[PDB]
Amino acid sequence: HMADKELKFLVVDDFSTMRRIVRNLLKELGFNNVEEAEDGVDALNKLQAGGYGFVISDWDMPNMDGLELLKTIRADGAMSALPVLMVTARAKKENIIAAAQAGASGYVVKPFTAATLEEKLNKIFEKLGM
């Protein structure tokens, strides 16, 4: 899709507080079409339902972690191009490499500011012509 008010986001994290941060930041930026999932399976269930244009996802989560989530999305014919922004406390260079090589559209380290999220989302929008 396009980075207009209608773009539908999926915000994935096993902790409510973290999802709430992202949802509120997106609202501020003018994106109100936003759904949440608590783990990778929950996320795929919603994604396969259709209509999503952007995923923002944690890494460490039960049932299916965010790296598996990202890999699954990238390998799936119907959603292989979906933007996926990783947002995680994992800061080791080897975590960043693993996610980058798996196809992350971007990578933000927790804790993060409103400015940081905005600029990294905008970097992805520009890269993809949205």
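A residue's number is simply how far along the shown sequence it sits, counting from 1.
Look over 53-61 and 24-32 in the entry and identify the one with the greater average Cα temperature factor.
Higher mean C-alpha B-factor: 24-32.
For the stretches 101-109 and 88-96, which has the higher mean C-alpha B-factor as given in the deposited record?
Averaging CA B-factors over each stretch, the winner is 88-96.
Sorting the chain's CA B-factors, does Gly77 end up in the lowest, middle or highest third?
For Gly77, the deposited C-alpha B-factor lands in the highest third.
In terms of the chain's CA B-factor thirds, is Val12 lowest, middle or highest?
Lowest third.
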